[PDB]
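J.: Take a look at model-v8.txt, compact mmCIF, C-alpha atoms:
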```
# COMPACT_ATOMS: atom_id res chain seq x y z
CA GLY A 1 132.30 80.03 98.94
CA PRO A 2 134.76 79.30 96.13
CA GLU A 3 134.02 79.96 92.48
CA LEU A 4 134.65 76.92 90.28
CA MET A 5 132.72 78.17 87.25
CA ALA A 6 135.06 80.41 85.25
CA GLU A 7 138.12 79.61 87.23
CA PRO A 8 141.03 77.30 86.36
CA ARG A 9 140.87 73.95 88.10
CA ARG A 10 143.77 72.06 89.62
CA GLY A 11 145.27 69.54 87.23
CA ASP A 12 144.23 71.59 84.20
CA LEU A 13 146.70 72.79 81.60
CA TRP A 14 146.18 76.48 80.82
CA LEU A 15 147.85 78.99 78.53
CA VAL A 16 149.52 81.59 80.75
CA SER A 17 150.73 85.02 79.71
CA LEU A 18 154.06 85.83 81.35
CA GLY A 19 154.46 89.46 80.29
CA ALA A 20 153.21 92.17 80.85
CA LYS A 21 154.75 85.52 75.44
CA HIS A 22 152.43 82.79 76.58
CA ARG A 23 153.34 79.32 77.86
CA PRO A 24 151.27 76.34 78.97
CA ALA A 25 151.29 75.55 82.67
CA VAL A 26 149.71 73.14 85.14
CA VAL A 27 147.40 74.53 87.79
CA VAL A 28 148.63 73.10 91.10
CA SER A 29 146.92 75.26 93.71
CA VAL A 30 143.66 73.88 95.07
CA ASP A 31 140.37 75.26 93.78
CA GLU A 32 139.17 76.16 97.29
CA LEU A 33 141.45 79.23 97.08
CA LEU A 34 139.55 80.75 94.14
CA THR A 35 137.03 83.55 94.67
CA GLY A 36 136.44 84.45 91.01
CA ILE A 37 138.32 87.75 91.18
CA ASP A 38 141.14 88.72 88.82
CA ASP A 39 143.96 89.71 91.20
CA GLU A 40 144.03 86.44 93.17
CA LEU A 41 147.08 84.21 92.83
CA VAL A 42 146.92 80.76 91.19
CA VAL A 43 150.02 78.59 91.57
CA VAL A 44 151.19 76.99 88.32
CA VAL A 45 154.04 74.85 87.02
CA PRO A 46 155.40 76.08 83.66
CA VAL A 47 155.47 73.53 80.86
CA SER A 48 158.39 73.54 78.42
CA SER A 49 158.76 71.78 75.07
CA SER A 50 162.47 72.58 74.74
CA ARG A 51 164.05 71.63 78.07
CA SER A 52 165.32 68.11 78.54
CA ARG A 53 163.38 65.70 80.70
CA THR A 54 164.53 64.95 84.24
CA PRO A 55 162.91 63.27 87.27
CA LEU A 56 161.88 66.69 88.62
CA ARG A 57 160.39 67.58 85.20
CA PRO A 58 157.64 65.01 84.59
CA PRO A 59 156.60 64.73 80.94
CA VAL A 60 153.36 66.12 79.57
CA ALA A 61 151.74 64.44 76.57
CA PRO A 62 149.55 65.86 73.79
CA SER A 63 146.66 63.92 75.34
CA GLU A 64 147.01 66.37 78.25
CA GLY A 65 146.81 69.54 76.14
CA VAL A 66 150.26 70.31 74.69
CA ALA A 67 151.02 70.44 70.98
CA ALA A 68 154.18 68.33 71.37
CA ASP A 69 155.81 66.24 74.12
CA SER A 70 156.84 68.62 76.89
CA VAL A 71 158.01 68.70 80.51
CA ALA A 72 156.53 70.29 83.63
CA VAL A 73 159.36 72.34 85.14
CA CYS A 74 158.33 71.93 88.75
CA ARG A 75 161.39 73.89 89.87
CA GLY A 76 159.80 76.84 88.03
CA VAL A 77 156.60 76.71 90.10
CA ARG A 78 155.18 80.19 90.65
CA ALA A 79 152.08 82.04 91.78
CA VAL A 80 150.52 84.12 88.98
CA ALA A 81 147.56 86.48 88.89
CA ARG A 82 144.46 84.64 87.70
CA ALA A 83 144.12 87.23 84.93
CA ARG A 84 147.22 85.87 83.17
CA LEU A 85 145.41 82.57 82.54
CA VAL A 86 143.87 83.02 79.11
CA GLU A 87 142.45 79.68 77.97
CA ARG A 88 142.22 76.07 79.11
CA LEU A 89 144.37 73.75 77.00
CA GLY A 90 143.58 70.38 78.57
CA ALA A 91 143.74 68.16 81.62
CA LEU A 92 146.63 66.09 82.97
CA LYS A 93 146.52 62.35 83.48
CA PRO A 94 146.26 61.66 87.24
CA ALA A 95 149.63 59.87 87.15
CA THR A 96 151.22 63.03 85.76
CA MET A 97 149.75 65.07 88.63
CA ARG A 98 151.11 62.52 91.10
CA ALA A 99 154.57 62.87 89.56
CA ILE A 100 154.31 66.67 89.76
CA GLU A 101 153.26 66.39 93.41
CA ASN A 102 156.24 64.18 94.24
CA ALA A 103 158.65 66.48 92.38
CA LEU A 104 157.29 69.49 94.26
CA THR A 105 157.56 67.57 97.54
CA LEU A 106 161.26 66.95 96.90
CA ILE A 107 161.92 70.49 95.63
CA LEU A 108 160.33 72.16 98.67
CA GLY A 109 161.82 69.81 101.28
CA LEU A 110 158.43 68.59 102.35
CA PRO A 111 158.15 65.47 104.53
CA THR A 112 158.87 62.99 103.09
CA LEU B 1 179.26 87.93 93.82
CA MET B 2 176.41 85.42 93.74
CA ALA B 3 174.33 84.98 96.89
CA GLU B 4 174.55 81.71 98.84
CA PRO B 5 170.96 81.13 100.04
CA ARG B 6 169.97 78.26 102.29
CA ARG B 7 166.52 76.84 102.90
CA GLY B 8 164.86 78.49 105.87
CA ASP B 9 166.70 81.76 105.31
CA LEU B 10 164.93 85.09 105.07
CA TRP B 11 166.42 87.09 102.19
CA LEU B 12 165.96 90.53 100.70
CA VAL B 13 164.81 90.03 97.09
CA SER B 14 165.05 92.45 94.17
CA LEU B 15 161.93 92.85 92.01
CA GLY B 16 161.74 94.15 88.44
CA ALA B 17 165.55 94.21 88.13
CA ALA B 18 168.54 92.29 89.43
CA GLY B 19 164.87 99.62 93.49
CA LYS B 20 162.07 97.35 94.74
CA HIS B 21 162.94 94.96 97.55
CA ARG B 22 160.80 92.62 99.61
CA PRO B 23 161.71 89.87 102.08
CA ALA B 24 161.07 86.24 101.28
CA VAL B 25 161.70 82.81 102.79
CA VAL B 26 163.82 80.37 100.80
CA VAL B 27 161.85 77.12 100.64
CA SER B 28 163.54 75.15 97.86
CA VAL B 29 166.18 72.66 98.92
CA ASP B 30 169.87 73.48 98.62
CA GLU B 31 170.67 70.31 96.65
CA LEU B 32 169.28 72.25 93.65
CA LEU B 33 171.90 75.01 93.79
CA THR B 34 174.65 74.94 91.16
CA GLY B 35 175.93 78.53 91.12
CA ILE B 36 174.11 79.92 88.07
CA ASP B 37 172.70 83.45 87.98
CA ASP B 38 169.39 82.60 86.26
CA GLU B 39 168.76 79.41 88.27
CA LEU B 40 165.46 79.43 90.10
CA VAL B 41 165.19 79.53 93.90
CA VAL B 42 161.67 79.04 95.20
CA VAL B 43 160.69 81.57 97.88
CA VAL B 44 157.61 82.62 99.84
CA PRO B 45 157.14 86.41 99.99
CA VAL B 46 156.95 87.93 103.46
CA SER B 47 154.46 90.76 103.96
CA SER B 48 153.97 93.21 106.81
CA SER B 49 150.63 94.42 105.41
CA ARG B 50 148.50 91.36 104.65
CA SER B 51 146.26 90.06 107.39
CA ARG B 52 147.18 86.91 109.26
CA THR B 53 145.56 83.55 108.34
CA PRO B 54 146.42 79.84 108.85
CA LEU B 55 148.00 79.80 105.37
CA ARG B 56 150.14 82.83 106.29
CA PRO B 57 152.26 81.72 109.25
CA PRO B 58 153.72 84.60 111.26
CA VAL B 59 157.32 85.75 110.90
CA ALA B 60 159.02 87.49 113.82
CA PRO B 61 161.71 90.21 113.87
CA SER B 62 164.11 87.63 115.36
CA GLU B 63 163.76 85.91 111.97
CA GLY B 64 164.86 88.97 109.98
CA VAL B 65 161.84 91.23 109.47
CA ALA B 66 161.60 94.79 110.74
CA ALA B 67 157.98 94.44 111.91
CA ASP B 68 155.53 91.64 112.64
CA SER B 69 154.87 90.04 109.26
CA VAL B 70 153.37 86.91 107.71
CA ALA B 71 154.70 84.40 105.18
CA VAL B 72 152.27 84.53 102.25
CA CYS B 73 152.57 80.89 101.20
CA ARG B 74 149.93 81.38 98.49
CA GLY B 75 152.46 83.66 96.78
CA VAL B 76 155.14 80.95 96.57
CA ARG B 77 157.20 81.49 93.43
CA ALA B 78 160.46 80.58 91.77
CA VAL B 79 162.75 83.61 91.39
CA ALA B 80 166.12 84.01 89.70
CA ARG B 81 169.03 83.61 92.11
CA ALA B 82 170.59 86.90 90.94
CA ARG B 83 167.71 88.78 92.65
CA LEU B 84 168.90 87.71 96.11
CA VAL B 85 170.46 90.76 97.76
CA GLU B 86 171.33 90.02 101.38
CA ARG B 87 170.46 87.41 103.97
CA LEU B 88 168.18 89.00 106.57
CA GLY B 89 167.93 86.08 108.95
CA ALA B 90 166.83 82.52 109.54
CA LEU B 91 163.41 81.17 110.43
CA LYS B 92 162.79 79.03 113.49
CA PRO B 93 161.95 75.36 112.81
CA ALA B 94 158.35 75.83 113.96
CA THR B 95 157.89 78.60 111.40
CA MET B 96 159.36 76.44 108.64
CA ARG B 97 157.05 73.59 109.61
CA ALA B 98 154.03 75.92 109.46
CA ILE B 99 155.15 77.13 106.02
CA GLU B 100 155.53 73.49 104.93
CA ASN B 101 152.03 72.58 106.10
CA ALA B 102 150.57 75.68 104.44
CA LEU B 103 152.32 74.80 101.18
CA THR B 104 151.09 71.21 101.41
CA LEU B 105 147.50 72.42 101.70
CA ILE B 106 147.86 75.04 98.95
CA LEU B 107 149.29 72.59 96.41
CA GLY B 108 146.91 69.73 97.20
CA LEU B 109 149.61 67.40 98.34
CA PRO B 110 148.73 64.12 100.15
CA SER C 1 146.53 57.21 123.76
CA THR C 2 143.76 59.32 125.30
CA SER C 3 140.07 59.45 124.40
CA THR C 4 137.17 61.61 125.55
CA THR C 5 133.46 61.91 124.84
CA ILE C 6 131.17 64.36 123.02
CA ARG C 7 127.43 64.76 123.51
CA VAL C 8 125.25 64.55 120.39
CA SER C 9 121.58 64.22 119.66
CA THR C 10 120.76 60.53 119.36
CA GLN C 11 119.55 61.05 115.78
CA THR C 12 122.87 62.62 114.80
CA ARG C 13 124.70 59.74 116.47
CA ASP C 14 122.65 57.34 114.37
CA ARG C 15 123.46 59.23 111.18
CA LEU C 16 127.18 59.36 112.01
CA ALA C 17 127.12 55.64 112.85
CA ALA C 18 125.56 54.95 109.47
CA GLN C 19 128.25 57.01 107.75
CA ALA C 20 130.97 55.20 109.69
CA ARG C 21 129.71 51.73 108.82
CA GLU C 22 129.17 52.76 105.18
CA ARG C 23 132.88 53.59 104.87
CA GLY C 24 133.89 50.51 106.89
CA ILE C 25 135.52 52.59 109.64
CA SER C 26 135.03 53.34 113.32
CA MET C 27 133.04 56.37 114.42
CA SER C 28 136.20 57.77 116.03
CA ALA C 29 138.05 57.52 112.70
CA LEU C 30 135.10 59.10 110.88
CA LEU C 31 135.07 62.10 113.20
CA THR C 32 138.84 62.49 112.81
CA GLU C 33 138.45 62.55 109.01
CA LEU C 34 135.53 65.00 109.15
CA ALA C 35 137.39 67.22 111.61
CA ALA C 36 140.28 67.48 109.16
CA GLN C 37 137.87 68.25 106.32
CA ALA C 38 136.23 71.03 108.35
CA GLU C 39 139.68 72.40 109.22
CA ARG C 40 140.60 72.57 105.53
CA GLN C 41 137.30 74.31 104.74
CA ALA C 42 137.82 76.92 107.47
CA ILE C 43 141.42 77.49 106.41
CA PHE C 44 140.60 78.07 102.74
CA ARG C 45 137.59 80.25 103.59
CA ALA C 46 139.85 82.32 105.84
CA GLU C 47 142.21 82.81 102.89
CA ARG C 48 139.45 83.74 100.43
CA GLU C 49 137.89 86.27 102.79
CA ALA C 50 141.26 87.76 103.79
CA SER C 51 142.31 88.22 100.15
CA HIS C 52 139.06 89.87 99.06
CA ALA C 53 139.30 92.20 102.06
CA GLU C 54 142.91 92.93 101.07
CA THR C 55 141.97 94.06 97.56
CA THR C 56 140.85 97.35 99.17
CA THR C 57 144.24 97.75 100.88
CA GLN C 58 146.52 99.35 98.28
CA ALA C 59 149.70 98.51 100.16
CA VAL C 60 148.81 94.89 99.34
CA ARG C 61 148.22 95.76 95.66
CA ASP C 62 151.58 97.55 95.47
CA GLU C 63 153.27 94.56 97.10
CA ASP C 64 151.88 92.00 94.64
CA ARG C 65 152.50 94.33 91.69
CA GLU C 66 156.15 94.51 92.74
CA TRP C 67 156.30 90.72 93.14
CA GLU C 68 154.71 90.27 89.72
CA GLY C 69 157.95 91.50 88.16
CA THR C 70 159.39 88.03 88.78
CA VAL C 71 156.61 86.47 86.68
CA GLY C 72 158.93 85.78 83.73
CA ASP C 73 161.93 84.40 85.64
CA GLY C 74 163.83 81.40 84.30
CA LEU C 75 161.98 81.43 80.96
CA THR D 1 117.02 62.32 123.01
CA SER D 2 120.77 62.76 123.50
CA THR D 3 123.80 60.49 123.90
CA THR D 4 127.61 60.59 123.83
CA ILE D 5 130.04 59.28 121.20
CA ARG D 6 133.71 58.65 121.98
CA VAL D 7 136.54 60.29 120.06
CA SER D 8 140.21 60.86 120.67
CA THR D 9 140.90 64.00 122.68
CA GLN D 10 142.80 65.39 119.70
CA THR D 11 139.73 64.95 117.49
CA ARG D 12 137.57 66.46 120.24
CA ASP D 13 139.82 69.52 120.46
CA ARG D 14 139.81 69.99 116.69
CA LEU D 15 136.01 69.64 116.61
CA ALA D 16 135.82 72.17 119.44
CA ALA D 17 137.93 74.70 117.54
CA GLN D 18 135.69 74.19 114.52
CA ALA D 19 132.53 74.63 116.61
CA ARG D 20 133.96 77.88 118.00
CA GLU D 21 134.98 79.01 114.52
CA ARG D 22 131.46 78.38 113.21
CA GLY D 23 129.84 79.87 116.33
CA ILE D 24 127.77 76.76 117.08
CA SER D 25 127.74 73.97 119.64
CA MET D 26 129.70 70.78 119.06
CA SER D 27 126.38 68.92 118.87
CA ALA D 28 125.12 71.14 116.05
CA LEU D 29 128.56 70.95 114.44
CA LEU D 30 128.45 67.16 114.43
CA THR D 31 125.01 67.40 112.82
CA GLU D 32 126.51 69.58 110.08
CA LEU D 33 129.44 67.21 109.52
CA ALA D 34 126.98 64.31 109.49
CA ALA D 35 125.11 65.97 106.62
CA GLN D 36 128.44 66.60 104.88
CA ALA D 37 129.42 62.93 105.19
CA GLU D 38 126.05 61.73 103.88
CA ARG D 39 126.16 63.91 100.76
CA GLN D 40 129.46 62.41 99.63
CA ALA D 41 128.15 58.95 100.51
CA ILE D 42 125.20 59.67 98.20
CA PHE D 43 127.47 60.49 95.26
CA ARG D 44 129.82 57.58 95.99
CA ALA D 45 126.74 55.34 96.03
CA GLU D 46 125.93 56.44 92.48
CA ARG D 47 129.52 56.04 91.30
CA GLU D 48 129.73 52.50 92.70
CA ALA D 49 126.35 51.48 91.29
CA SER D 50 127.48 52.79 87.90
CA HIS D 51 130.61 50.65 88.05
CA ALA D 52 128.66 47.55 89.10
CA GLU D 53 126.09 48.12 86.34
CA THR D 54 128.54 48.47 83.45
```
Show this structure as structure tokens.
T.:
Amino acid sequence: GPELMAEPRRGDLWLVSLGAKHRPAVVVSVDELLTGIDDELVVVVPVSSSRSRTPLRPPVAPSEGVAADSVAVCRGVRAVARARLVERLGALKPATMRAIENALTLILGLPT
Amino acid sequence: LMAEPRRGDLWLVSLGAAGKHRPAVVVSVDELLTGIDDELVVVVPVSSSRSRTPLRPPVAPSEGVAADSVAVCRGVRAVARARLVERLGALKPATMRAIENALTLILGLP
Amino acid sequence: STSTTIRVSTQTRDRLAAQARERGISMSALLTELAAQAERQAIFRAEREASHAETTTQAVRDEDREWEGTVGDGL
Amino acid sequence: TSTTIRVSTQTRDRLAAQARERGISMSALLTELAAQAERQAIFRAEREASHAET
């Protein structure tokens, strides 16, 4: 059975350490993968406040947890160890998640 | 010389520098490629040691691995293009479709 | 295209028929939906169990430690 | 106290694989999935009543 209690939840915005230097990111892997252990991989989309916005980089608003208008760099999607997720920053509007899902679908050649 | 990776390829990827190599399946589309060294190519690591599951479709030596392996779709990640060392092979369409379905489930796609 | 038949207890058939008419769908459609849900559950449970078993295997730990070097790429 | 419901053969095969995976009969499996359906119908019943009562 999956652990939902202390674990990041899909659609949340979390602060991620990418060392070893933290960045916010969107949890995009489903919560049924979580077992509450530290080495397991959670798939996230890095959020950038300095890169320009494009269709494959849906915007993320302060109402969703960022300090300033940012973009979700779906091309930068990556699995990270759950231990690099330090604190929950917020939750994304469902429309934002739908835009991230469509961007990922195009990026990964998924049908259709 | 900058690698020319194509989706569905199995490539040898350099880790920690651009010593450690591991095979991976290119899963991002080629319309993204523009010839930069730091540009991100999304790959699925291929492992010969993790146990087989529905979310880890099998990868055969005819597809570039040395031994029976699995595509760890949970480990999908963007990597810098400069880490791509040599093309090891190409995956069959059935394998790519299994990787696509695994990725769809992992990322909660409709 | 092709259809078959499954034996159930009559009480379970009544409960499934309730659930089907609650959602406004046929019983066939309901069992298709619930089959896909069960598939997803079994798939994710297979992943969870496999990963926890693989924490003991150090070849796995070495592998993911090597892959973790890419964690900062493109940033 | 037993009957037969009709499904597509694809759905039957998937249900069979799930019954084998859980180590139970397809009858017992369909009882489990019945329970699973009802629980979510319970919660959707509350959510709908809350919308109608607001």
J.: Residues of chain A were defined as contacting chain B if any atom lay at most 6 Å from it, counting only C-alpha atoms; please report them as number ranges by chain.
T.: A: 28-30, 76-79, 107-109
J.: May I have the residues of chain C within 12 Å of chain D, counting all atoms listed in the file, written as a count of residues only?
T.: 43
J.: Find the residues near region 53-63 of chain B: any atom within 6 Å, counting only C-alpha atoms, skip ones fewer than 5 places away on the same chain, and give them as a ChimeraX atom specification.
T.: /B:68-73,89-91,102
J.: Please, which residues in chain C fall within 12 Å of chain B when counting all atoms listed in the file, and what is the closest atom pair and distance in Å to one decimal for each, ordered by chain then residue number, as a tab-separated table?
T.:
```
residue	atom	partner	partner_atom	distance
C:36	CA	B:105	CA	11.5
C:37	CA	B:105	CA	11.5
C:39	CA	B:54	CA	10.0
C:40	CA	B:105	CA	7.9
C:41	CA	B:105	CA	10.8
C:42	CA	B:54	CA	9.2
C:43	CA	B:54	CA	6.0
C:44	CA	B:55	CA	8.0
C:45	CA	B:53	CA	9.8
C:46	CA	B:53	CA	6.4
C:47	CA	B:53	CA	6.4
C:48	CA	B:53	CA	10.0
C:49	CA	B:53	CA	9.9
C:50	CA	B:51	CA	6.6
C:51	CA	B:50	CA	8.3
C:52	CA	B:51	CA	11.0
C:53	CA	B:51	CA	9.0
C:54	CA	B:50	CA	6.8
C:55	CA	B:50	CA	10.0
C:56	CA	B:50	CA	11.2
C:57	CA	B:49	CA	8.5
C:58	CA	B:49	CA	9.6
C:59	CA	B:49	CA	6.7
C:60	CA	B:49	CA	6.4
C:61	CA	B:50	CA	10.0
C:62	CA	B:49	CA	10.5
C:63	CA	B:47	CA	7.9
C:64	CA	B:75	CA	8.6
C:65	CA	B:15	CA	9.6
C:66	CA	B:15	CA	6.1
C:67	CA	B:15	CA	6.1
C:68	CA	B:15	CA	8.0
C:69	CA	B:16	CA	4.6
C:70	CA	B:79	CA	6.1
C:71	CA	B:79	CA	8.3
C:72	CA	B:79	CA	8.8
C:73	CA	B:80	CA	5.8
C:74	CA	B:38	CA	6.0
C:75	CA	B:38	CA	9.2
```
J.: Grab the CA of residue 46 (chain D) to CA of residue 24 (chain C) distance for me, in Å with one decimal place.
T.: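 These two atoms are separated by 17.5 Å.
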J.: Do you know which residues are at most 9 Å from residue 63 (chain A) counting all atoms listed in the file, after dropping those on the same chain fewer than 5 positions away, and could you put them as number ranges by chain?
T.: A: 90-93
J.: Could you list the residues in chain A lying within 6 Å of chain C, using only C-alpha atoms, and format the result as a PyMOL selection string?
T.: chain A and resi 18+32-33
J.: What is the CA of residue 10 (chain A) to CA of residue 106 (chain A) distance in Å?
T.: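 Going from CA of residue 10 (chain A) over to CA of residue 106 (chain A) covers 19.6 Å.
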J.: Neighbours of residue 104 (chain A) within 8 Å (only C-alpha atoms; same-chain residues fewer than 4 positions away dropped), as a ChimeraX atom specification?
T.: /A:56,74-75,100,108
J.: For CA of residue 85 (chain A) and CA of residue 44 (chain A), determine how far apart the two atoms are, in Å to one decimal place.
T.: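 Computing it gives 9.9 Å between the two atoms.
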J.: Please determine the residues with any atom at most 6 Å from (161.2, 80.4, 107.4) (coordinates as given in the file, with all atoms listed in the file counting) and report them as JSON, numbers by chain.
T.: {"B": [8, 25, 91, 95, 96]}
J.: Residues within 12 Å of residue 84 (chain A), please, as an MDAnalysis selection string. Count all atoms listed in the file; anything in the same chain fewer than 6 positions from it doesn't count.
T.: (chainID A and resid 7:8 14:25 38:44) or (chainID C and resid 68 71:72)
J.: May I have the selected residues written with C-alpha atoms, as a PDB file, keeping the file's coordinate frame?
T.:
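The result, stored in selection_12.pdb:
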```
ATOM      1  CA  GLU A   7     138.120  79.610  87.230  1.00  0.00           C
ATOM      2  CA  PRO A   8     141.030  77.300  86.360  1.00  0.00           C
ATOM      3  CA  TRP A  14     146.180  76.480  80.820  1.00  0.00           C
ATOM      4  CA  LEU A  15     147.850  78.990  78.530  1.00  0.00           C
ATOM      5  CA  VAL A  16     149.520  81.590  80.750  1.00  0.00           C
ATOM      6  CA  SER A  17     150.730  85.020  79.710  1.00  0.00           C
ATOM      7  CA  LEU A  18     154.060  85.830  81.350  1.00  0.00           C
ATOM      8  CA  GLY A  19     154.460  89.460  80.290  1.00  0.00           C
ATOM      9  CA  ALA A  20     153.210  92.170  80.850  1.00  0.00           C
ATOM     10  CA  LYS A  21     154.750  85.520  75.440  1.00  0.00           C
ATOM     11  CA  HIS A  22     152.430  82.790  76.580  1.00  0.00           C
ATOM     12  CA  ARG A  23     153.340  79.320  77.860  1.00  0.00           C
ATOM     13  CA  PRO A  24     151.270  76.340  78.970  1.00  0.00           C
ATOM     14  CA  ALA A  25     151.290  75.550  82.670  1.00  0.00           C
ATOM     15  CA  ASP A  38     141.140  88.720  88.820  1.00  0.00           C
ATOM     16  CA  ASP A  39     143.960  89.710  91.200  1.00  0.00           C
ATOM     17  CA  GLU A  40     144.030  86.440  93.170  1.00  0.00           C
ATOM     18  CA  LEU A  41     147.080  84.210  92.830  1.00  0.00           C
ATOM     19  CA  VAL A  42     146.920  80.760  91.190  1.00  0.00           C
ATOM     20  CA  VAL A  43     150.020  78.590  91.570  1.00  0.00           C
ATOM     21  CA  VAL A  44     151.190  76.990  88.320  1.00  0.00           C
TER      22      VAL A  44
ATOM     23  CA  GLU C  68     154.710  90.270  89.720  1.00  0.00           C
ATOM     24  CA  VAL C  71     156.610  86.470  86.680  1.00  0.00           C
ATOM     25  CA  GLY C  72     158.930  85.780  83.730  1.00  0.00           C
TER      26      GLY C  72
END
```
